[PDB]
Every structure is written in structure tokens, then in C-alpha cells.
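Novice: Got a structure for you, questions after.
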Amino acid sequence: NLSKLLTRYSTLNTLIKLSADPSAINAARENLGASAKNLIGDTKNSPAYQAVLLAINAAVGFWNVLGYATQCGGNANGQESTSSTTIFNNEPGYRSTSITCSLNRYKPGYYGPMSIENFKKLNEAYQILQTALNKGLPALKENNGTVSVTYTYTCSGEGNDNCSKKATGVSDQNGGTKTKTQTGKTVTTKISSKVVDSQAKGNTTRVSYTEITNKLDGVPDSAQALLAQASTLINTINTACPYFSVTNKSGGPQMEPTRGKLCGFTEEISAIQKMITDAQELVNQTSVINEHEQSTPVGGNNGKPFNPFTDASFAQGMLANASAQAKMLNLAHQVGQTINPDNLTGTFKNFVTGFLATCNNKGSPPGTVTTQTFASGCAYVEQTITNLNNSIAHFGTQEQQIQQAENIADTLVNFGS
Amino acid sequence: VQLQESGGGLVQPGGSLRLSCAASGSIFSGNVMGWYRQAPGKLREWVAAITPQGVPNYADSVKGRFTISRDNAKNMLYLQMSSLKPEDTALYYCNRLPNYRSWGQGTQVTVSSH
Ligand SMILES: CC(=O)N[C@H]1[C@@H](O[C@H]2[C@@H](O)[C@@H](CO)O[C@@H](O[C@H]3[C@H](O)[C@@H](CO)O[C@@H](O[C@H]4[C@@H](O)[C@@H](CO)O[C@@H](O[C@H]5[C@H](O)[C@@H](O)[C@@H](O)O[C@@H]5CO)[C@@H]4O)[C@@H]3NC(C)=O)[C@@H]2O[C@@H]2O[C@@H](C)[C@@H](O)[C@@H](O)[C@@H]2O)O[C@H](CO)[C@H](O)[C@@H]1O
């Protein structure tokens with residue numbers, strides 16, 4: 001019996017009254033449009049935006065902490081080298097804005113040096129992420145923005161083939177250029193090569209080298225695209241699993257352990273992978289939201305009272321939209337809880353509080369590599385956790401409105417079925 | 001698992017009440033927390049919230065009269081209510097934001113003249 005229900009659950013009686021009233025249904029649909037703008041059209045006040053940003057900064061931060069400690073070297077085919085130094089610019093090396101790959105004789109691989117092939121793949125993702133963070137990420141609904149990215153590396157030493165025609169695609173080592181394209185979007189890449197002799201003036205390093213410049217135009221800076229870059233960054237590290245050893249700075253924070261393999265940070269890498277996975281799922285709700293616009297008013301037909309049993313074909317879409325928004329909100333929350341130091345324990349808590357949520361740069365803007373970036377995240381991790389919480393706090397009303405819109409629609413789908 | 005509000009009662013307009021919520025560590029620790037209320041004939045309405053670092057914010061209907069606070073050592077959430085009006089009559093509830101799917105029992109606040 002139903003009077004008996006609506007006695008103990010009077011909240012349910014109100015819900016049914018609201019579901020029979022086009023004017024309350026339309027109000028709930030307006031609210032869904034406004035909370036959608038907040039989630040996918042805004043930046044500072046979008047929980048969704050803040051969690052995407054957090055997932056990306058945690059990946060970048062992880063490399064800013066450990067990159068300088070990581071062995072790399074060898075030649076182009078993942079082969080060991082006899083005497084190859086390959087240096088990657090705008091990377092957070094030890095007291096330096098470059099990372100030097102100069103480990104010879106050892107075969108590249110697991111618990112050894114990172115091959116130059118993996119490092120190139122890693123470095124490209126890093127430079128793209130850093131350029132995008134620096135310019136500022138766009139709102140989740142902006143899917144056709146692009147950024148330009150430029151980066152350089154150098155090869156020296158007898159036998160070093162990491163800047164060759166085969167590694168690069170460029171015909172003449174001195175002055176040559178090659179253009180290739182790639183992928184929904186066309187990304188154009190221009191690669192250029194130059195040779196600097198050992199004696200040339202303005203060559204302080206005492207040796208001959210080849211320089212490769214890569215210029216990428218039309219790089220997508222959408223959230224989905226950047227998360228894919230962050231995933232590439234962290235997965236390359238985890239799969240290559242190179243040896244590292246840290247300079248334990250004889251003063252404050254202490255790295256645990258000091259020698260080892262990079263994938264030995266299992267809790268940290270898992271957490272970051274899980275953040276990225278959750279932010280990807282979160283950003284996928286965007287198209288669910290766009291596909292089920294809630295802006296048309298609903299309300300009977302033929303000047304005849306609204307009938308919740310027959311006239312509610314729109315309910316399916318309203319439910320899917322409301323559910324997609326709630327899911328965004330919850331995933332955004334899950335992202336923050338994966339990395340928030342308040343709920344973390346031991347080794348993993350030290351890593352985040354002592355290194356990842358720290359910056360040693362003399363705030364400097366996002367995406368800036370200095371000679372003191374190494375061993376600190378320098379990716380605004382603490383500020384982002386804080387802004388995620390601030391934005392969740394300012395989403396109180398909207399979350400209730402979304403749950404109400406979902407309940408209304410769910411009632412109409414039940415009645416229609 | 002656990003949200004448990006207390007402190008409600010019948011008061012006079014102009015009056016004060018202090019509500020409490022004892023929350024489990026799971027729910028409370030490192031989470032935004034807040035207060036909600038459900039008045040006769042209406043659905044649940046958000047009322048106030050506070051970040052882990054203690055930044056409060058309020059719905060317009062209670063701003064300047066209610067104060068939300070948190071005690072991080074004891075997993076406690078509080079809502080000090082002043083200048084109460086009949087319109088504040090409701091079941092008050094606390095939860096994290098975003099909400100844990102199971103609500104506590106709430107604590108009744110009634111504001112009414114004698
Ligand atoms: C086009 C091609 O196929 N390239 C592949 C090739 O690359 C090497 C070859 O082209 C050989 C051909 O002989 O040359 C290497 O490059 C040469 C330069 O062309 C040449 C002129 O700039 O300089 C060589 O460097 C020398 C030179 O500067 C001398 C002065 O005469 O000094 C040497 O350093 C001295 C220093 O001057 C002294 O003060 C003191 O300190 O002693 C030191 C050393 O004793 C300086 O080494 C240069 N050779 C080298 C080894 O650098 C090509 O090498 C590549 O390009 C150079 C510029 C670097 O990037 C290397 O790392 C590259 O490997 O073969 C490769 C495989 O071996 C690749 O497949 C290339 O694609």
C-alpha cells in the first residue's frame with residue numbers, strides 16, 4: 001500500500017508531486033544546464049577541471065622529482081653504446097635545465113638505463129605537458145584548442161647515432177629539415193638538424209655535437225589529449241623501469257629508497273595511473289552531457305494536463321545527463337582522495353609531502369624548469385588539492401540540484417516503463 | 001559508515017542552537033564536510049560547507065547567522081545557529097561533499113513562539 005509508504009518517507013511524497021509538475025521539471029532542467037556550464041565551461045570553480053589538472057600535475061611532478069636520478073644512455077636501436085652522450089633540453093636535471101644520457105656499455109632495459117627511444121617518447125610528452133600547463137588548460141568543453149611546442153636535444157661522442165637520418169628522418173645533418181604529420185586532429189612536426197664543431201666560438205663545452213630541433217604545431221591541448229600525454233609519460237617510466245640513484249640532499253627531506261628501479265615506487269605509480277584513469281572517465285562524461293541537452297521546455301501536449309506516464313519521453317535523457325554530472329563530481333572527488341596526503345600512509349605519504357607537493361624553484365609560473373626543479377614536483381600539487389576542495393565546497397547547491405533532477409527523471413522513467 | 005547528528009530541539013525565534021555531527025574517519029578525514037536540511041514539503045537543501053583547512057561557505061538563506069566549524073582531531077562537525085526563524089524549522093543532516101550515499105538519522109530543529 002502507498003499511503004503507508006509516504007507516511008515513513010515523506011520526502012518521497014514530495015518527489016512524486018514534483019514529477020507530476022512541468023514547472024518543477026523545467027526548473028530542474030534549467031538547473032542541469034547551469035551545473036553543466038559550471039562543470040565543463042568553468043575553470044577555477046569546476047571540480048572537474050581541478051581534478052583533471054591534478055592528475056596531469058601529479059604525473060609531471062613525479063618526473064620532476066626523479067628524472068635527474070634516472071640512468072639513460074645507449075644508441076638508437078635500444079642498443080648499448082661505446083661513447084654516446086645525448087642531452088635533452090628543458091628537462092629537470094641535477095643542478096641543470098638539461099638531462100644527460102651518457103651511460104655506456106650497459107644494455108638499456110629494465111633496472112638499467114633508459115633507452116633513448118623511451119626517453120624521446122617521455123621527453124616529448126613532458127614538453128607538451130609543460131607547454132600546455134604554462135599557457136593554462138582550457139575548460140573541459142574546449143576540444144579544438146592547440147598549442148605549439150619546441151624542444152631540442154644534442155648528440156656527441158664517437159659512434160653516437162641518436163641524431164642520425166635513421167633516428168630522425170632528416171637528410172643532411174647540417175642545415176636539413178623534414179616535415180611529417182600525424183594524429184581526430186592533424187599535428188605537424190618540423191625537425192631540423194645542425195652541427196656545431198668542437199672549435200666553433202660560442203662552444204664552451206669542449207666537443208663536437210649535432211643539434212636536433214623539433215617544432216610541433218597544432219598539438220591538441222584538450223583535456224582528453226593531455227591526459228593521453230600524461231598517461232604516455234607515466235607508462236613509459238613504468239614499462240622501461242630504469243635504474244635510478246638519488247643525491248640525498250644532506251639537510252631536510254630523505255628519499256626512500258636511494259638506489260633502485262623506477263617502477264619500485266609501486267604505490268606512487270599506481271596512484272598516478274589511477275588518477276589519470278579516473279580523469280579520463282570523468283572527461284568522457286562530457287559528451288554524454290552534450291548529447292542530452294536539457295534546454296527545451298517540456299509540458300503536456302494539446303493544452304492537456306501533463307501525464308507522467310505518457311508524456312515523459314525526455315526523461316531518459318535527463319537521467320543520463322544528471323547521472324553523467326554526478327559521476328563527474330564523484331570521479332573528481334576520487335582523484336583528489338587518491339593523492340591527498342591527509343589519507344596517506346608511510347613511504348607514500350613521505351613521497352608526496354616531502355617531494356611531490358613541494359617546489360624548489362625560486363610562485364614561478366606553471367611549466368617552468370629551472371636548475372633547482374629536480375627532486376621536487378614543481379607542479380602546484382598542493383595548491384591544486386586545495387582548489388579542488390574549494391570548488392567542491394562551492395558546488396554544494398548544485399550537487400543537490402543534480403541529485404534532485406536525477407530522482408525526478410528516474411521517477412518518470414519508472415512511470416513510463 | 002557513520003554520520004550521527006545531535007543538538008536539535010524546539011526553540012524560540014531569536015534563539016540559538018549548536019548542532020553536532022560525529023563522523024567516522026573514512027568520511028571526514030581530508031574531505032569537505034557540510035550541513036543540509038530538509039523542511040516540511042521540500043526536498044533536502046544544502047546549507048553550509050567547510051574545507052579540511054577550515055574555509056567555510058554558506059547558502060544565502062543562512063549567511064551571516066550560522067557558523068560552521070570542524071574539529072580535525074575528533075572528527076566533529078558543528079553548526080552554530082543564531083537569530084533563528086520559523087523558516088529554519090527542519091531535519092538537519094551532515095555529510096561529506098560529495099555525499100556519502102547513506103544519510104544519518106538527522107536532528108530535528110523546530111523554531112516556534114510560545
Ligand atoms: C652524415 C652521417 O652519415 N652521419 C653519421 C656519422 O656521423 C659521423 C661522420 O659524419 C664522421 C665522418 O668522419 O664525422 C662525424 O662528425 C665529425 C665532424 O663532421 C667533424 C667536423 O665538425 O668533427 C668531428 O669532431 C672532431 C673535430 O671537432 C676535431 C677537430 O679536428 O676535434 C675533435 O675533438 C677533439 C678536440 O678538438 C681537441 O681539442 C681535444 O679535446 O681532443 C678532442 C678529441 O680527441 C672532435 O671530435 C666529428 N666527429 C665526432 C665523433 O664528433 C660524425 O659524427 C656525428 O656527428 C658529430 C657532429 C657528433 O654529433 C657525433 O656524436 C655524431 O656521431 O656516423 C654516426 C655513427 O658513427 C651517425 O650514424 C651519423 O648519422
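Following the order of the C-alpha cells, first chain is A, next is B, and so on, with residues numbered from 1 inside each chain and ligands from 1 in the order they appear.
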I need the chain A residues near chain B as a list in words; criterion: at most 6 Å, counting only C-alpha atoms.
Specialist: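 Taken together, these residues fit the definition: residues 342, 393, 396 and 397 of chain A.
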Novice: Could you give me, as a PyMOL selection string, the residues within 9 Å of region 157-171 of chain A, counting only C-alpha atoms and dropping anything in the same chain fewer than 3 positions from it?
Specialist: chain A and resi 74-77+81-86+116-117+153-154+174+176-179+191-193+207-212
Novice: Write out as a PyMOL selection string the set of residues from chain B that DSSP, computed on the backbone, places in alpha helix (DSSP H).
Specialist: chain B and resi 25-28
Novice: Mind dumping the selected residues with N, CA, C and O atoms as a PDB file, in the first residue's frame?
Specialist:
ATOM      1  N   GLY B  25      36.159   8.413  10.548  1.00  0.00           N
ATOM      2  CA  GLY B  25      37.376   8.890   9.913  1.00  0.00           C
ATOM      3  C   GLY B  25      37.311   8.782   8.386  1.00  0.00           C
ATOM      4  O   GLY B  25      37.671   9.727   7.669  1.00  0.00           O
ATOM      5  N   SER B  26      36.871   7.629   7.885  1.00  0.00           N
ATOM      6  CA  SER B  26      36.624   7.433   6.456  1.00  0.00           C
ATOM      7  C   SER B  26      35.948   8.614   5.813  1.00  0.00           C
ATOM      8  O   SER B  26      36.404   9.126   4.809  1.00  0.00           O
ATOM      9  N   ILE B  27      34.819   8.995   6.362  1.00  0.00           N
ATOM     10  CA  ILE B  27      34.059  10.082   5.789  1.00  0.00           C
ATOM     11  C   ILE B  27      34.704  11.443   5.947  1.00  0.00           C
ATOM     12  O   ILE B  27      34.672  12.272   5.042  1.00  0.00           O
ATOM     13  N   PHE B  28      35.267  11.678   7.111  1.00  0.00           N
ATOM     14  CA  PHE B  28      35.591  13.020   7.497  1.00  0.00           C
ATOM     15  C   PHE B  28      37.001  13.412   7.017  1.00  0.00           C
ATOM     16  O   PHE B  28      37.245  14.517   6.567  1.00  0.00           O
TER      17      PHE B  28
END
Novice: Just checking: using only C-alpha atoms, which residue out of B:54, B:93, B:75, B:19 ends up closest to residue 389 (chain A)?
Specialist: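 Ranked by minimum distance to residue 389 (chain A), first place goes to B:54.
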Novice: Write out as a compact mmCIF listing (two decimals) with N, CA and C atoms, in the first residue's frame all residues of region 55-110 of chain B that DSSP puts in strand (DSSP E or B) for this structure's backbone.
Specialist:
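So part.txt came out as:
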# COMPACT_ATOMS: atom_id res chain seq x y z
N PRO B 56 34.98 28.07 5.43
CA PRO B 56 33.53 27.88 5.44
C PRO B 56 32.88 28.59 4.30
N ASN B 57 31.74 28.09 3.81
CA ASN B 57 30.86 28.90 2.92
C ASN B 57 29.37 28.50 3.14
N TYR B 58 28.44 29.34 2.75
CA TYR B 58 27.06 29.29 3.25
C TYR B 58 26.05 29.56 2.15
N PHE B 66 24.53 31.64 10.71
CA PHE B 66 25.02 30.32 11.06
C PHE B 66 26.53 30.31 10.85
N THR B 67 27.22 29.46 11.62
CA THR B 67 28.67 29.32 11.54
C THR B 67 29.00 27.85 11.61
N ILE B 68 29.75 27.40 10.62
CA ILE B 68 30.09 26.02 10.52
C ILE B 68 31.53 25.89 10.95
N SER B 69 31.85 24.84 11.69
CA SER B 69 33.25 24.61 12.05
C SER B 69 33.53 23.14 12.13
N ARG B 70 34.81 22.80 12.28
CA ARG B 70 35.23 21.41 12.28
C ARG B 70 36.34 21.19 13.25
N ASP B 71 36.39 20.03 13.87
CA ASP B 71 37.49 19.71 14.75
C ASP B 71 38.21 18.48 14.21
N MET B 76 34.70 15.89 14.25
CA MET B 76 33.45 16.53 14.64
C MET B 76 33.16 17.71 13.77
N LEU B 77 31.89 17.86 13.44
CA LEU B 77 31.39 18.97 12.65
C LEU B 77 30.33 19.67 13.47
N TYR B 78 30.32 20.99 13.40
CA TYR B 78 29.42 21.75 14.25
C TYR B 78 28.74 22.82 13.45
N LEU B 79 27.51 23.13 13.86
CA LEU B 79 26.81 24.24 13.25
C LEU B 79 26.17 25.06 14.32
N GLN B 80 26.73 26.23 14.51
CA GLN B 80 26.21 27.17 15.48
C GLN B 80 25.19 27.98 14.73
N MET B 81 23.95 27.95 15.19
CA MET B 81 22.84 28.66 14.54
C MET B 81 22.36 29.79 15.45
N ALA B 90 13.35 22.40 10.42
CA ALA B 90 13.74 21.28 9.51
C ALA B 90 14.47 20.18 10.25
N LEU B 91 14.61 19.03 9.57
CA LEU B 91 15.59 17.98 9.94
C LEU B 91 16.92 18.36 9.37
N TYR B 92 17.94 18.47 10.22
CA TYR B 92 19.26 18.86 9.78
C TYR B 92 20.15 17.65 9.74
N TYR B 93 21.01 17.60 8.71
CA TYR B 93 21.85 16.44 8.41
C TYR B 93 23.23 16.90 8.04
N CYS B 94 24.22 16.11 8.38
CA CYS B 94 25.55 16.35 7.94
C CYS B 94 26.10 15.21 7.06
N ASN B 95 27.05 15.58 6.22
CA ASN B 95 27.63 14.65 5.30
C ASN B 95 28.89 15.23 4.73
N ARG B 96 29.66 14.41 4.03
CA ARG B 96 30.72 14.96 3.24
C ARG B 96 30.19 15.47 1.92
N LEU B 97 31.02 16.25 1.24
CA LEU B 97 30.77 16.67 -0.12
C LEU B 97 31.87 16.15 -1.00
N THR B 107 18.76 15.52 12.95
CA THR B 107 18.36 16.07 14.23
C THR B 107 17.36 17.17 13.94
N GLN B 108 16.22 17.07 14.59
CA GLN B 108 15.10 17.94 14.36
C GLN B 108 15.35 19.29 15.01
N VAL B 109 15.19 20.35 14.24
CA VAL B 109 15.13 21.69 14.77
C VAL B 109 13.77 22.34 14.50
N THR B 110 13.11 22.78 15.55
CA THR B 110 11.83 23.45 15.42
C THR B 110 11.93 24.84 16.03
Novice: What does the distance from atom 35 (C, counted along the ligand's line) of ligand 1 to CA of residue 206 (chain A) come to in Å, to one decimal?
Specialist: 7.7 Å
Novice: Could you jot down the CA of residue 228 (chain A) to CA of residue 97 (chain A) separation for me, Å, one decimal place?
Specialist: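 A separation of 24.9 Å between them.
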